[PDB]
Amino acid sequence: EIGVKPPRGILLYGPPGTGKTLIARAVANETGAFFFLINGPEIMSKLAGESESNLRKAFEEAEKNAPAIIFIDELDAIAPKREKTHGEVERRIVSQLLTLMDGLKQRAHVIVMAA
Amino acid sequence: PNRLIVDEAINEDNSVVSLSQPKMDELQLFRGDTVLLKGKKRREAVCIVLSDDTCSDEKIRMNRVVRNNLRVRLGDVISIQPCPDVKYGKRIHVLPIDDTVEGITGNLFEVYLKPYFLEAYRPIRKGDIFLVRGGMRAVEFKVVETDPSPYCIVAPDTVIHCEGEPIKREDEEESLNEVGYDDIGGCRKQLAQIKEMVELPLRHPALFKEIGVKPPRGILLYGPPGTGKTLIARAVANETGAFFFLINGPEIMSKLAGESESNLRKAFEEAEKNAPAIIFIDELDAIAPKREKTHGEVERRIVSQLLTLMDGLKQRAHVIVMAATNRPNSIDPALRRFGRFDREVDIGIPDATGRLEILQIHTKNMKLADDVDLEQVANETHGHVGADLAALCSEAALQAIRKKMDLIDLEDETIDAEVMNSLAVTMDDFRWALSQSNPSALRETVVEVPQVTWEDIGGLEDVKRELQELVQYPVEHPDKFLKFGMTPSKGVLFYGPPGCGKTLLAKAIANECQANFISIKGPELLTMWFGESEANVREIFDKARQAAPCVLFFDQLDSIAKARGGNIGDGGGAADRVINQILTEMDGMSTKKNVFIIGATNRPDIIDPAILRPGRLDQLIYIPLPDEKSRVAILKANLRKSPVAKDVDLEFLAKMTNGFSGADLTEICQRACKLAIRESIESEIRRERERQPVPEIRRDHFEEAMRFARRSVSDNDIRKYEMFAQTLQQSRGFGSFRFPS
Ligand SMILES: Nc1ncnc2c1ncn2[C@@H]1O[C@H](COP(=O)(O)OP(=O)(O)OP(=O)(O)O)[C@@H](O)[C@H]1O
Ligand SMILES: Nc1ncnc2c1ncn2[C@@H]1O[C@H](COP(=O)(O)OP(=O)(O)O)[C@@H](O)[C@H]1O
Ligand SMILES: Nc1ncnc2c1ncn2[C@@H]1O[C@H](COP(=O)(O)OP(=O)(O)O)[C@@H](O)[C@H]1O
Ligand SMILES: [Mg+2]
């Protein structure tokens, strides 16, 4: 009705153990729209190149099964500060995540949540 | 004459234009001919030209479909030219829009294309979108192949096939939402320069060949973050139809030896492969610092690679390399050479009209009420940058949303249409968003607003007028000073006994006046380091110079400014060296920007006279102890909000309070009200005690109040301030200036 931009990026931050994963599971159990969860350790465990494919496939499936709830638990694993980082694979994953974040055209009805 | 104002059609379908017959004679265009139209972002249209008796000479009548094709709206300007040599079509490929054929399972060809193309000889182009009625819902099509290309006349023999993959709504929405020259506000002159460097050689290279010069291939953009450098780059790249390649400084940088060089080489290889291209290197400052300044060899290696790449790039390629930086002085001077971004284009903080344009751009899609006024928001956002303005609009939308949550039920999926239509952006929403938004030009100098207004300040009417005039006359009336050919005054110093309103007169300007306010505590700028204390002075003035018109306020200026050379204990001359840095900033060899310097000092005699000369702090205003009339105004101003008993005679208090300062009167008001708090608290407690009053402060509260009050400034102290103001009078040409005869 008002033609505005919904906030696609939601960032939950705080001391650990507070229940961000608890909120993640609560959202997953109780959202009618499609849900798919990705973890920082899970992405980093995968070899070079396949993590690229995993992230792209996850986002593609999310926008395919619209609406979608994209959750990245332990985001700092996959997006360490570019000012202080060494791994080029991590740099490329940061660039890929940035591009995919900018990719949404808002007709995908896909929300991205970070803990 | 070719340029035409876009006008509404009356009976015209997708392939006819209705124009004035006199212009048909002027342009030598005959009825029934096929005509070529070009619009914004490189869109071409072929139409059968017709004449109309009701069309204005400068206007062209067209329907919605072609305007949507031509990406032009009513009031825009389009080009009209003959389109000869258009042959009949052999085989044309059409493809429908995905959202127009949802649920349609009929034969697209027979139902839609045949009635539309039956014996009509409609001209078409590759990429055209035309709307055809019929069936159960009007169907749009996208023309993807034309034989011949890109123009053909659809003859009856033209084999028309519509099979294939329907076009997604993604490309259609991108075409409308692709950035362009319209999405830029507040940078018209810089945009014109960039047009001259980029668009003109592409449009008319014949002029450059005639004069035999090669236009520069590099444009350097510098300004505060978010001012629109990347947006300008993308807009100029999209309008020229050049492949926009974006490079960020951090992601090029790598720990491995030579990897950043390889990244730059590969990027330039991709740009030279995909031509025309416009390389954009954001954060150029971090990637390419000064080779002699840096000690890490990788930075100098990156700079040398960039030099060799941009030098070998100029092989008559169609690639233009532009970069954005916050501070151009950090960039290596080897880059500033001929070529290698040989021209620098400056993007600044948006002005009032510029930010008004930016708000109009960012609210064109948004629904707005009739109560909301855009010029108001343009005024109130004093130092906001365009990105901040877009965030402001979004935050106001979410403001309306959080207002209207309580009406809508999140549980049910059903939506009410009237509740939906009620939703619109209101002025209150912009006010909230502005209250919870920051100016990025001043985000570093952030401070709370104590909310002081000119009506709050009691007395000082002559001094109040001068502050209004000095801050307002240049910015509000710039042509008037040009008419008289003299620059305005930009310096004020307040000296007086403590508590008389020196800080109030500055806290009023921070709110009322529409000028940026950067606030400085006295010893704030000083640093224990050798070269930082003077550097802090430089950066604070640079911040104020950037966000002009700005009011720079030096509270307790006596600490910063001393008569110089007083003693060797001043940090080994560091204190006296800070003076010299301030002296050049106020009055040095730089163009006088709209930076108004105000200083509030208690003791002015210690101030360096080089500060107090005209041109730095030219107007010295003495704020005395309030007089009988002034003390009345202070009392009324303080008790304006508080409920006061009618039997209180505020004029009587001012008569007995002979020498009390301004803060002394405010203490009495606070003390008088403080006792009234004590009385109401006890009476309320007594009511609780008995079970198991004073709506306005009475005159009885005042009588016990004054006996606690006292005079902050002694008689001897006033004499010192009184002595100083007398010297200024003695310095002037004696006697009231009387012109002879
Ligand atoms: N003319 C006045 N009208 C109204 N209130 C005043 C006036 N003068 C002083 N006050 C009151 O004095 C208090 C603070 O005074 P203020 O900060 O303006 O003093 P100042 O002259 O700048 O002193 P200092 O030299 O100590 O910094 C406030 O409560 C303010 O309302
Ligand atoms: N209010 C709560 N109710 C139930 N469980 C909680 C609550 N707060 C925390 N937890 C528990 O703490 C864990 C949350 O850890 P979390 O902070 O998500 O780890 P990390 O932040 O390191 O990923 C969950 O397993 C959850 O069971
Ligand atoms: N002159 C302008 N007109 C319209 N929008 C602008 C303008 N300047 C900046 N913006 C907004 O700022 C955002 C982009 O910020 P940008 O200027 O690209 O960052 P930076 O210059 O720091 O790289 C865009 O959303 C754009 O709408
Ligand atoms: Mg003060």
# chains A, B, ... in the order shown; residues from 1 in each chain; ligands from 1
$ interface_residues --of "chain A" --to "chain B" --cutoff "10 Å" --atoms "only C-alpha atoms" --output "compact mmCIF listing (two decimals) with N, CA, C and O atoms, in the first residue's frame"
# COMPACT_ATOMS: atom_id res chain seq x y z
N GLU A 1 0.82 -1.21 0.00
CA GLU A 1 0.00 0.00 0.00
C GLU A 1 0.86 1.26 0.00
O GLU A 1 0.57 2.22 -0.72
N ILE A 2 1.92 1.28 0.81
CA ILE A 2 2.78 2.44 0.92
C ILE A 2 4.03 2.33 0.07
O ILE A 2 4.76 3.32 -0.08
N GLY A 3 4.30 1.17 -0.51
CA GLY A 3 5.42 1.05 -1.44
C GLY A 3 6.77 1.31 -0.83
O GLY A 3 7.57 2.07 -1.40
N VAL A 4 7.06 0.71 0.32
CA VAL A 4 8.31 0.93 1.02
C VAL A 4 9.09 -0.39 1.01
O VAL A 4 8.64 -1.41 0.50
N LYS A 5 10.30 -0.35 1.59
CA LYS A 5 11.25 -1.44 1.58
C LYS A 5 11.25 -2.13 2.94
O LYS A 5 11.79 -1.57 3.90
N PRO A 6 10.65 -3.31 3.07
CA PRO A 6 10.73 -4.05 4.34
C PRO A 6 12.17 -4.35 4.71
O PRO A 6 13.01 -4.60 3.83
N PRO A 7 12.50 -4.33 6.00
CA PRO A 7 13.88 -4.63 6.41
C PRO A 7 14.23 -6.10 6.22
O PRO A 7 13.79 -6.96 6.98
N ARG A 82 36.27 -7.73 7.12
CA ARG A 82 37.23 -7.68 6.02
C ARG A 82 38.46 -6.85 6.38
O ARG A 82 39.52 -7.02 5.76
N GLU A 83 38.34 -5.96 7.37
CA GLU A 83 39.50 -5.22 7.83
C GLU A 83 40.50 -6.14 8.53
O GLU A 83 41.71 -5.93 8.44
N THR A 85 41.06 -10.05 8.52
CA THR A 85 40.86 -11.42 8.08
C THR A 85 42.05 -11.84 7.22
O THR A 85 42.78 -11.00 6.70
N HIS A 86 42.23 -13.15 7.08
CA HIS A 86 43.33 -13.67 6.28
C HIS A 86 42.83 -14.50 5.10
O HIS A 86 43.23 -14.26 3.96
N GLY A 87 41.97 -15.47 5.38
CA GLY A 87 41.52 -16.42 4.37
C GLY A 87 40.83 -15.80 3.17
O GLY A 87 39.86 -15.04 3.32
N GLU A 88 41.32 -16.12 1.97
CA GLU A 88 40.69 -15.61 0.75
C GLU A 88 39.34 -16.28 0.51
O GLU A 88 38.43 -15.66 -0.06
N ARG A 91 37.01 -14.27 2.45
CA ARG A 91 36.74 -13.03 1.72
C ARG A 91 35.72 -13.25 0.61
O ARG A 91 34.79 -12.45 0.45
N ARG A 92 35.89 -14.32 -0.16
CA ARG A 92 34.98 -14.61 -1.26
C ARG A 92 33.58 -14.93 -0.74
O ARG A 92 32.58 -14.54 -1.36
N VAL A 94 32.30 -13.73 2.02
CA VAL A 94 31.74 -12.44 2.43
C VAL A 94 31.20 -11.69 1.23
O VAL A 94 30.10 -11.13 1.26
N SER A 95 31.97 -11.65 0.14
CA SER A 95 31.52 -10.96 -1.07
C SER A 95 30.26 -11.61 -1.64
O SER A 95 29.33 -10.92 -2.07
N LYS A 105 14.84 -8.47 -4.80
CA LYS A 105 14.08 -7.41 -5.45
C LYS A 105 12.77 -7.11 -4.75
O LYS A 105 11.95 -6.36 -5.28
N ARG A 107 10.07 -8.72 -4.31
CA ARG A 107 8.94 -9.56 -4.68
C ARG A 107 9.17 -11.01 -4.28
O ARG A 107 8.25 -11.83 -4.42
$ residues_near_ligand --ligand "ligand 3" --cutoff "7 Å" --atoms "only C-alpha atoms and all ligand atoms" --output "list in words"
residues 183, 184, 185, 186, 187, 224, 225, 226, 227, 228, 229, 230, 231, 282, 358, 361, 385, 386, 387 and 390 of chain B
$ write_last_selection --atoms "N, CA and C atoms" --output "PDB file, in the first residue's frame"
ATOM      1  N   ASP B 183      17.480   9.750 -11.006  1.00  0.00           N
ATOM      2  CA  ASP B 183      17.665   9.315  -9.626  1.00  0.00           C
ATOM      3  C   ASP B 183      18.760  10.064  -8.911  1.00  0.00           C
ATOM      4  N   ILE B 184      19.212  11.197  -9.443  1.00  0.00           N
ATOM      5  CA  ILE B 184      20.280  11.990  -8.848  1.00  0.00           C
ATOM      6  C   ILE B 184      19.735  13.370  -8.511  1.00  0.00           C
ATOM      7  N   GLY B 185      19.913  13.783  -7.268  1.00  0.00           N
ATOM      8  CA  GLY B 185      19.494  15.108  -6.837  1.00  0.00           C
ATOM      9  C   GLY B 185      20.596  15.821  -6.090  1.00  0.00           C
ATOM     10  N   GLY B 186      20.623  17.145  -6.231  1.00  0.00           N
ATOM     11  CA  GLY B 186      21.575  17.972  -5.522  1.00  0.00           C
ATOM     12  C   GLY B 186      22.946  18.072  -6.151  1.00  0.00           C
ATOM     13  N   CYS B 187      23.184  17.390  -7.270  1.00  0.00           N
ATOM     14  CA  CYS B 187      24.480  17.411  -7.938  1.00  0.00           C
ATOM     15  C   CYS B 187      24.349  17.720  -9.423  1.00  0.00           C
ATOM     16  N   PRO B 224      31.978  13.324   1.300  1.00  0.00           N
ATOM     17  CA  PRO B 224      31.596  12.563   2.486  1.00  0.00           C
ATOM     18  C   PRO B 224      30.885  11.281   2.095  1.00  0.00           C
ATOM     19  N   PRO B 225      30.915  10.259   2.949  1.00  0.00           N
ATOM     20  CA  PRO B 225      30.264   8.991   2.601  1.00  0.00           C
ATOM     21  C   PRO B 225      28.767   9.161   2.397  1.00  0.00           C
ATOM     22  N   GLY B 226      28.236   8.443   1.410  1.00  0.00           N
ATOM     23  CA  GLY B 226      26.816   8.446   1.137  1.00  0.00           C
ATOM     24  C   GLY B 226      26.309   9.608   0.312  1.00  0.00           C
ATOM     25  N   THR B 227      27.193  10.477  -0.182  1.00  0.00           N
ATOM     26  CA  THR B 227      26.736  11.669  -0.887  1.00  0.00           C
ATOM     27  C   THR B 227      26.211  11.336  -2.278  1.00  0.00           C
ATOM     28  N   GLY B 228      26.527  10.152  -2.789  1.00  0.00           N
ATOM     29  CA  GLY B 228      26.042   9.723  -4.083  1.00  0.00           C
ATOM     30  C   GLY B 228      27.097   9.422  -5.123  1.00  0.00           C
ATOM     31  N   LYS B 229      28.319   9.070  -4.718  1.00  0.00           N
ATOM     32  CA  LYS B 229      29.354   8.767  -5.701  1.00  0.00           C
ATOM     33  C   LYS B 229      29.075   7.454  -6.424  1.00  0.00           C
ATOM     34  N   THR B 230      28.766   6.393  -5.673  1.00  0.00           N
ATOM     35  CA  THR B 230      28.428   5.123  -6.307  1.00  0.00           C
ATOM     36  C   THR B 230      27.138   5.239  -7.106  1.00  0.00           C
ATOM     37  N   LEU B 231      26.156   5.972  -6.579  1.00  0.00           N
ATOM     38  CA  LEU B 231      24.903   6.140  -7.304  1.00  0.00           C
ATOM     39  C   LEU B 231      25.124   6.881  -8.613  1.00  0.00           C
ATOM     40  N   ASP B 282      35.578   1.835  -5.598  1.00  0.00           N
ATOM     41  CA  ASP B 282      35.209   2.473  -4.347  1.00  0.00           C
ATOM     42  C   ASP B 282      36.290   2.240  -3.301  1.00  0.00           C
ATOM     43  N   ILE B 358      16.245  15.336  -3.356  1.00  0.00           N
ATOM     44  CA  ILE B 358      16.486  13.950  -2.961  1.00  0.00           C
ATOM     45  C   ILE B 358      15.252  13.361  -2.287  1.00  0.00           C
ATOM     46  N   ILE B 361      12.730  12.582  -4.894  1.00  0.00           N
ATOM     47  CA  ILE B 361      13.111  11.353  -5.585  1.00  0.00           C
ATOM     48  C   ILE B 361      12.727  10.132  -4.759  1.00  0.00           C
ATOM     49  N   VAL B 385      22.669  13.654   4.755  1.00  0.00           N
ATOM     50  CA  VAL B 385      23.139  13.248   3.438  1.00  0.00           C
ATOM     51  C   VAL B 385      22.036  12.415   2.787  1.00  0.00           C
ATOM     52  N   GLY B 386      22.107  12.225   1.466  1.00  0.00           N
ATOM     53  CA  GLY B 386      21.008  11.595   0.747  1.00  0.00           C
ATOM     54  C   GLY B 386      20.666  10.205   1.253  1.00  0.00           C
ATOM     55  N   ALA B 387      21.685   9.417   1.606  1.00  0.00           N
ATOM     56  CA  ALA B 387      21.425   8.103   2.183  1.00  0.00           C
ATOM     57  C   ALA B 387      20.634   8.227   3.478  1.00  0.00           C
ATOM     58  N   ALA B 390      16.994   8.816   2.522  1.00  0.00           N
ATOM     59  CA  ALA B 390      16.288   7.589   2.161  1.00  0.00           C
ATOM     60  C   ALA B 390      15.950   6.765   3.400  1.00  0.00           C
TER      61      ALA B 390
END
$ residues_near_ligand --ligand "ligand 2" --cutoff "12 Å" --atoms "only C-alpha atoms and all ligand atoms" --output "mmCIF file with N, CA and C atoms, in the first residue's frame"
data_model
loop_
_atom_site.group_PDB
_atom_site.id
_atom_site.type_symbol
_atom_site.label_atom_id
_atom_site.label_comp_id
_atom_site.auth_asym_id
_atom_site.auth_seq_id
_atom_site.Cartn_x
_atom_site.Cartn_y
_atom_site.Cartn_z
ATOM 1 N N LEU A 12 20.223 -10.281 15.452
ATOM 2 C CA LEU A 12 20.104 -10.526 16.882
ATOM 3 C C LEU A 12 21.496 -10.597 17.495
ATOM 4 N N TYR A 13 21.744 -9.785 18.521
ATOM 5 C CA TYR A 13 23.072 -9.711 19.113
ATOM 6 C C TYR A 13 22.963 -9.639 20.629
ATOM 7 N N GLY A 14 23.960 -10.217 21.299
ATOM 8 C CA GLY A 14 24.012 -10.222 22.742
ATOM 9 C C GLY A 14 24.942 -11.288 23.287
ATOM 10 N N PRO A 15 25.039 -11.375 24.611
ATOM 11 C CA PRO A 15 25.845 -12.425 25.238
ATOM 12 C C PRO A 15 25.376 -13.806 24.815
ATOM 13 N N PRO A 16 26.288 -14.774 24.729
ATOM 14 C CA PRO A 16 25.894 -16.115 24.287
ATOM 15 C C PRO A 16 25.133 -16.857 25.374
ATOM 16 N N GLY A 17 24.368 -17.863 24.955
ATOM 17 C CA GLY A 17 23.533 -18.627 25.855
ATOM 18 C C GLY A 17 22.189 -18.006 26.159
ATOM 19 N N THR A 18 21.896 -16.826 25.605
ATOM 20 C CA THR A 18 20.666 -16.118 25.941
ATOM 21 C C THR A 18 19.438 -16.701 25.252
ATOM 22 N N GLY A 19 19.612 -17.436 24.159
ATOM 23 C CA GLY A 19 18.501 -18.066 23.479
ATOM 24 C C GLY A 19 18.276 -17.647 22.042
ATOM 25 N N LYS A 20 19.310 -17.190 21.338
ATOM 26 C CA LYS A 20 19.147 -16.858 19.927
ATOM 27 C C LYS A 20 18.823 -18.101 19.109
ATOM 28 N N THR A 21 19.489 -19.218 19.409
ATOM 29 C CA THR A 21 19.131 -20.480 18.771
ATOM 30 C C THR A 21 17.747 -20.935 19.215
ATOM 31 N N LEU A 22 17.391 -20.652 20.470
ATOM 32 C CA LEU A 22 16.045 -20.945 20.945
ATOM 33 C C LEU A 22 15.001 -20.182 20.140
ATOM 34 N N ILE A 23 15.244 -18.891 19.899
ATOM 35 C CA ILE A 23 14.336 -18.098 19.078
ATOM 36 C C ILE A 23 14.328 -18.615 17.646
ATOM 37 N N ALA A 24 15.486 -19.061 17.155
ATOM 38 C CA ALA A 24 15.553 -19.638 15.816
ATOM 39 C C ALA A 24 14.638 -20.849 15.688
ATOM 40 N N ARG A 25 14.739 -21.788 16.630
ATOM 41 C CA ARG A 25 13.883 -22.970 16.590
ATOM 42 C C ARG A 25 12.413 -22.606 16.780
ATOM 43 N N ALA A 26 12.125 -21.639 17.655
ATOM 44 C CA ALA A 26 10.742 -21.215 17.856
ATOM 45 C C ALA A 26 10.155 -20.641 16.574
ATOM 46 N N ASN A 39 24.139 -22.679 9.212
ATOM 47 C CA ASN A 39 25.015 -22.409 10.343
ATOM 48 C C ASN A 39 26.393 -22.005 9.842
ATOM 49 N N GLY A 40 27.051 -21.121 10.586
ATOM 50 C CA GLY A 40 28.405 -20.726 10.283
ATOM 51 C C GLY A 40 29.394 -21.878 10.314
ATOM 52 N N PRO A 41 29.374 -22.679 11.386
ATOM 53 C CA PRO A 41 30.213 -23.889 11.390
ATOM 54 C C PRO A 41 29.912 -24.829 10.237
ATOM 55 N N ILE A 72 20.681 -17.334 9.575
ATOM 56 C CA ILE A 72 22.101 -17.650 9.650
ATOM 57 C C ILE A 72 22.524 -17.618 11.114
ATOM 58 N N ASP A 73 22.549 -18.791 11.738
ATOM 59 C CA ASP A 73 23.072 -18.913 13.086
ATOM 60 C C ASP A 73 24.594 -18.867 13.054
ATOM 61 N N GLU A 74 25.164 -18.107 13.986
ATOM 62 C CA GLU A 74 26.605 -17.869 14.043
ATOM 63 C C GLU A 74 27.071 -17.219 12.737
ATOM 64 N N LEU A 75 26.588 -15.990 12.530
ATOM 65 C CA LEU A 75 26.910 -15.247 11.315
ATOM 66 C C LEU A 75 28.379 -14.850 11.264
ATOM 67 N N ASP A 76 28.975 -14.525 12.415
ATOM 68 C CA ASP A 76 30.360 -14.061 12.431
ATOM 69 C C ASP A 76 31.329 -15.110 11.897
ATOM 70 N N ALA A 77 30.923 -16.381 11.859
ATOM 71 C CA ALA A 77 31.775 -17.399 11.253
ATOM 72 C C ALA A 77 31.946 -17.156 9.758
ATOM 73 N N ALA A 114 19.643 -13.094 11.320
ATOM 74 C CA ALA A 114 20.986 -13.410 11.778
ATOM 75 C C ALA A 114 21.026 -13.444 13.297
ATOM 76 N N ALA A 115 21.766 -14.411 13.832
ATOM 77 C CA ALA A 115 22.008 -14.515 15.265
ATOM 78 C C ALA A 115 23.510 -14.547 15.491
#
$ residues_around --residues "residue B:615" --least-positions-apart "2" --cutoff "10 Å" --atoms "only C-alpha atoms" --output "MDAnalysis selection string"
chainID B and resid 488:491 586:588 610:613 617:619
$ write_last_selection --atoms "N, CA, C and O atoms" --output "compact mmCIF listing (two decimals), in the first residue's frame"
# COMPACT_ATOMS: atom_id res chain seq x y z
N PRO B 488 29.65 39.30 4.52
CA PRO B 488 29.02 39.50 5.83
C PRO B 488 30.00 39.29 6.98
O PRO B 488 31.13 38.85 6.78
N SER B 489 29.55 39.63 8.18
CA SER B 489 30.32 39.37 9.39
C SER B 489 30.05 37.97 9.90
O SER B 489 28.92 37.48 9.85
N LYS B 490 31.09 37.31 10.41
CA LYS B 490 30.99 35.91 10.82
C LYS B 490 31.59 35.62 12.19
O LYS B 490 31.90 34.46 12.47
N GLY B 491 31.77 36.62 13.04
CA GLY B 491 32.38 36.43 14.35
C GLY B 491 31.60 37.15 15.44
O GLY B 491 31.14 38.27 15.24
N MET B 586 40.44 30.93 11.08
CA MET B 586 39.46 32.00 11.03
C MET B 586 39.74 32.96 9.88
O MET B 586 38.85 33.26 9.08
N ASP B 587 40.98 33.44 9.78
CA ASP B 587 41.35 34.42 8.76
C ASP B 587 42.70 34.03 8.19
O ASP B 587 43.74 34.43 8.72
N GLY B 588 42.68 33.27 7.10
CA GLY B 588 43.89 32.86 6.43
C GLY B 588 43.67 32.97 4.94
O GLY B 588 42.79 33.70 4.47
N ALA B 610 45.00 39.06 18.54
CA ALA B 610 44.88 38.64 17.15
C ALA B 610 43.57 37.89 16.92
O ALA B 610 43.08 37.82 15.79
N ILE B 611 43.02 37.29 17.97
CA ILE B 611 41.70 36.67 17.87
C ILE B 611 40.62 37.73 17.77
O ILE B 611 39.67 37.60 16.99
N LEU B 612 40.75 38.81 18.55
CA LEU B 612 39.66 39.76 18.71
C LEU B 612 39.61 40.82 17.62
O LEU B 612 38.67 41.62 17.61
N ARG B 613 40.58 40.85 16.71
CA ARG B 613 40.50 41.78 15.61
C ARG B 613 39.38 41.41 14.64
O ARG B 613 39.03 40.24 14.51
N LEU B 617 36.90 37.52 15.26
CA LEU B 617 35.77 37.78 16.15
C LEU B 617 35.54 39.28 16.12
O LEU B 617 36.01 40.02 16.98
N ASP B 618 34.79 39.74 15.11
CA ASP B 618 34.74 41.18 14.84
C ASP B 618 33.79 41.89 15.79
O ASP B 618 34.08 43.00 16.25
N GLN B 619 32.65 41.28 16.09
CA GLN B 619 31.63 41.90 16.92
C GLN B 619 31.78 41.39 18.34
O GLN B 619 31.60 40.19 18.59
$ select_by_dssp --residues "stretch 291-496 of chain B" --states "strand (DSSP E)" --output "count of residues only"
16
$ residues_near_ligand --ligand "ligand 1" --cutoff "6 Å" --atoms "only C-alpha atoms and all ligand atoms" --output "list in words"
residues 457, 458, 459, 498, 499, 500, 501, 502, 503, 504, 602, 634, 662, 663 and 666 of chain B
$ atom_distance --atom1 "atom CA of residue B:737" --atom2 "atom CA of residue B:480"
26.1 Å
$ atom_distance --atom1 "atom CA of residue B:182" --atom2 "atom CA of residue B:234"
12.2 Å
